[PDB]
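Chemist: next input, structure requested:
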Amino acid sequence: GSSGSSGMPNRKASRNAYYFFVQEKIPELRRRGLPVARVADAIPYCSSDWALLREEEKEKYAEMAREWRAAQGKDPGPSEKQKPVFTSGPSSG
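Modeler: Numbers count the residues shown, from 1 in each chain. Have a look at this structure:
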């Protein structure tokens, strides 16, 4: 529909918003009837679906992913936290 072009092919080692989105789709595609063993496989099968997501979504997956790796890296143990924040709409002009 009315939407520009976005998304570029790039196999990143670290799990990024895109990686997280595919991970939660790996088992989803398997049932559909597609050869998907791991993310790398569900990468392309989820290239058009990812483009459908909205900036807000992309940022969400990228945020949870970044914080996940940071918390998982800095320390070998688990670590979850977040602050109650909610804001939408431009505040310029």
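Chemist: any idea how far residue 62 is from residue 73?
Modeler: 16 Å (Cβ to Cβ, to the nearest Å). Heads up, the C-betas are built off the backbone N, CA and C, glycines and all.
Chemist: cool, residue 21 as well?
Modeler: Taken as Cβ to Cβ, the span from residue 21 to residue 62 is 10 Å.
Chemist: of the two, give the one with the bigger neighbour count.
Modeler: Just comparing residue 21 and residue 62: by other Cβ atoms under 10 Å the higher neighbour count belongs to residue 21, 21 against 16.
Chemist: who's in contact with the helix or strand hosting that one?
Modeler: Using DSSP states H and E, the element containing residue 21 is helix 17-23. Applying Cβ atoms under 8 Å, 6 or more residues apart in numbering, the external contacts of helix 17-23 come out as 12, 15, 39, 42-43, 46, 49-50, 53, 58-65.
Chemist: so what's the gap between it and the chain middle?
Modeler: 4 Å (Cα atoms, centre = their mean, to the nearest Å).
Chemist: likewise for stretch 3-23?
Modeler: In terms of Cα atoms, centre = their mean, the centre of stretch 3-23 is found 7 Å from the chain centre.
Chemist: how long is it from one end to the other?
Modeler: Separation of the first and last residues of stretch 3-23 by Cα to Cα, to the nearest Å is 25 Å.
Chemist: which positions in that stretch come out as buried?
Modeler: 15-23 (16 or more other Cβ atoms under 10 Å).
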